[PDB]
Amino acid sequence: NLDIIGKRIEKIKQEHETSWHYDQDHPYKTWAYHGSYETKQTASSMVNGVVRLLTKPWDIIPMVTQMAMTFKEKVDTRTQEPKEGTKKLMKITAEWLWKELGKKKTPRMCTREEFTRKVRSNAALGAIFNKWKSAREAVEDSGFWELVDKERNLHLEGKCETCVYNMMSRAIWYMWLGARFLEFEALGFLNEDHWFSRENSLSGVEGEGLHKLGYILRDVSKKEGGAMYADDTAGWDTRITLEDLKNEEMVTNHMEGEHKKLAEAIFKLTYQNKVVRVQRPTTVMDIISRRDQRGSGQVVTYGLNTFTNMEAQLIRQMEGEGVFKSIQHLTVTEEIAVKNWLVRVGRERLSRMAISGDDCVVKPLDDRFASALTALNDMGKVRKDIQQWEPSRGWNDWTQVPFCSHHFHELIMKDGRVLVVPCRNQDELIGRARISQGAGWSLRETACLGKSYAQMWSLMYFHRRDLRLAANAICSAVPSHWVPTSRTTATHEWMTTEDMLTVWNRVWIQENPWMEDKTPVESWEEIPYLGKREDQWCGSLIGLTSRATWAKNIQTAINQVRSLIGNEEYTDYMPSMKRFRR
Ligand SMILES: CCn1c(NC(C)=O)nc2ccccc21
Ligand SMILES: [Zn+2]
Ligand SMILES: [Zn+2]
């Protein structure tokens, strides 16, 4: 407790020595409270005018327009200690899973050099302003690295001074860039060296891309077994137990030298003991601590979420298969049985899953899985929107299964070849493309963000009539040579100045391991759509008067945006579609 977090707490006290006050009306039940001090401050969602001017029919669709307008009583809840049988199942499974993930990978420190390159191309690291303005500037300045050094030698000494979280079903924990560096140095290898790739982890999909996820679900569907289960957890990050954090730390058993010590310190000092600053309007800053829940960088959070979810779902499969009888207590012979299941069929059972952080699809050996709930509930991974002891409802068709906010269609090209394509309700796609984050956007930067959405649509959602037409319109309205941009950066093949038909051929034909015939597609008209009725089911406006006027008059909308941007070099992409091809 306070021996590990005191120094951090004591240091914050002194920089606010005039304001420190142990408040009596503190709202915390499950967080340990330590004190308060004076502050005052908060960026809402802005509309992208280029995308909105080229999507006029959606200006009267509330599901689109409401997206641009605008529970913290879940972070203040407490998960119970699992029972002895559960803790044993988790420890045995975690031990086995780190060994499997480590068979063909070597843990290693990530470098200042790697960190510096990351910041200089805008990956959302979850940092803050202060001393230097941005991340870009702190990294050049040698003073920073001396701060990093001080903390670093403090961590080698098993102590912490400056690794403090800042709080702000989405609760995001920013730290200062130095704290994020030390996290990345110790645990960045999990993402940087693709520990959760499908090749390496069998269940994982890290680096796979939205154009692979449907093919992966169809491959899971080919296994003999029961229904496909896709149960969401209620507030996954808030249900991570101290026992979960201790099984995650066992990755350090695979490390050596300095790295082992640096990694052990991140787990001990920042993950299994946390210090947090939360803005309370009543305006103070509260300095609160707790031992459990997930609060790491968003990229380390993804890998450890994937790890602990893989572990949980293997244990639920063991329960359905009757490998153990009760979570109260594993006998000595049950331990040997669980161990022999893992050695014997563990890799086969991992291949029956697709797991992206807290998101999973499982095709178990049979439907006993549906009612195998004791371990899942006792680990604290309580299912969303179903009663605790009500059996899971599975999906009979891989094309109906939800995964990573999508479903997947099987789409046959006029030449007989098979595409498995990502899809979601089209109101969600248009509503997200109409939103920008942050201030100070020039017209050119706003246009380049619209172009990024347009190229994503041409690559991933070409099968939706309205999105292929709107993508062509935006790419016609933005100068041909202007480079697509984003402010937070799945594989992103649309973020390129290359012709989108050439990128389509590379992604869907040449590099697609599920496509045996590699004959290139010569035009967009070879590339199919969903059925018209299926397109309407997934939110198309095809058939409406508003949509017919928009499509017919599209060159007038394109010219409105071209007139605002000014006299630049533009390409007309609309004749790539049959109906505008004369
Ligand atoms: C090398 C790949 N590539 C990119 N990619 C970018 C800008 O990331 N833009 C291109 C334009 C024409 C031809 C190839 C191109
Ligand atoms: Zn620290
Ligand atoms: Zn669909």
Side-chain angles (χ1 to χ4, degrees), residues 2 4-46 68-69 71-78 124-135 138 147 151 160-183 235-240 269-271 273-301 435-440 487-488:
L2 267 138
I4 294 175
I5 59 166
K7 190 142 140 59
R8 256 169 296 176
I9 291 156
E10 287 160 38
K11 174 153 190 285
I12 300 158
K13 235 182 156 208
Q14 293 183 39
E15 288 126 40
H16 305 278
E17 192 67 66
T18 38
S19 278
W20 197 249
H21 73 264
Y22 194 93
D23 188 331
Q24 325 299 353
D25 306 317
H26 76 233
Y28 307 104
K29 207 63 244 271
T30 70
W31 290 86
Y33 177 75
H34 301 273
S36 305
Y37 77 73
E38 192 159 85
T39 31
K40 255 176 320 195
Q41 274 224 345
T42 303
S44 79
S45 71
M46 318 302 288
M69 306 302 289
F71 327 90
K72 220 285 294 298
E73 282 62 19
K74 183 150 227 165
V75 87
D76 209 356
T77 62
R78 228 212 72 191
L125 303 198
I128 49 160
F129 257 118
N130 53 17
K131 229 291 201 173
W132 318 260
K133 180 202 297 164
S134 50
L147 301 182
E151 255 301 85
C160 190
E161 179 179 286
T162 65
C163 305
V164 169
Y165 290 113
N166 303 43
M167 191 143 276
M168 263 148 102
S169 308
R170 302 199 314 264
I172 302 86
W173 311 37
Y174 300 88
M175 317 173 93
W176 87 284
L177 201 67
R180 251 68 192 85
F181 172 65
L182 286 179
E183 176 183 62
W236 174 277
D237 281 354
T238 61
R239 313 286 178 151
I240 288 288
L269 302 175
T270 65
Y271 289 1
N273 287 277
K274 305 178 199 48
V275 172
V276 188
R277 45 181 53 182
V278 202
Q279 277 225 316
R280 187 146 56 95
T282 66
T283 285
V284 316
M285 192 70 90
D286 296 299
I287 295 304
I288 49 163
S289 82
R290 74 181 304 141
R291 298 216 52 221
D292 70 354
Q293 304 195 353
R294 178 82 67 219
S296 325
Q298 46 150 202
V299 170
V300 175
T301 292
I435 288 172
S436 174
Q437 292 303 325
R487 275 196 203 182
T488 76

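We count residues from 1, following the sequence as given. Only heavy atoms go into these numbers, but all of them, side chains included; no hydrogens, no water, no symmetry mates.
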How far does [atom1] of [X] sit from [atom2] of [Y], to the nearest 0.5 angstrom?
X	Y	atom1	atom2	value
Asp23	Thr282	CG	OG1	7.0 Å
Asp292	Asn273	CG	CG	10.5 Å
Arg277	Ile128	CZ	CD1	7.0 Å
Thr270	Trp173	OG1	CH2	11.0 Å
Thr488	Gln437	OG1	CD	8.0 Å

Can you give me the closest heavy-atom contact between [X] and [Y], atom names plus distance?
X	Y	result
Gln279	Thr42	OE1-O, 3.2 Å
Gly126	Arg180	O-NE, 3.2 Å
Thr77	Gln293	O-NE2, 3.6 Å
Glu183	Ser296	OE2-CB, 3.3 Å
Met46	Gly438	CG-O, 3.7 Å

Do [X] and [Y] come within less than 4.5 Å of each other through their side chains, counting heavy atoms only?
X	Y	value
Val284	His21	yes
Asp237	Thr301	yes
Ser44	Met69	no
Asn166	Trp176	no

[atom1]/[X]: more than 12 non-hydrogen atoms of other groups inside 6.0 Å:
X	atom1	answer
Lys131	NZ	no
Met167	CE	yes
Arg78	CZ	no

**Report entry** Counterpart residues, side chain to side chain contact (heavy atoms under 4.5 Å, CB included), relative to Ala135 (two or more places apart)
**Finding:** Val119, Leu177
Query raised in the report: Just by distance, do the side chain of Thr238 and the backbone of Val75 share a donor-acceptor pair under 3.5 Å?
Result: no
Pairs under 3.5 angstrom only: tabulate donor-acceptor contacts from the side chains of residues 7-17 to other protein residues two or more places apart or in another chain.
| from | atom 1 | to | atom 2 | distance (Å) |
| --- | --- | --- | --- | --- |
| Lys7 | NZ | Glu161 | OE1 | 2.7 |
| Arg8 | NH1 | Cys163 | O | 3.1 |
| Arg8 | NH1 | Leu269 | O | 2.9 |
| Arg8 | NH2 | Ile4 | O | 3.1 |
| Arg8 | NH2 | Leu269 | O | 2.9 |

Query - All pairs passing side-chain hydrogen bond (donor to acceptor under 3.5 Å, both in side chains) where residues 24-40 contributes a residue, at least two apart - result: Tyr28-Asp286, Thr30-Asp76, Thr30-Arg290, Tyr33-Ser36, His34-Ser289, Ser36-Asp286
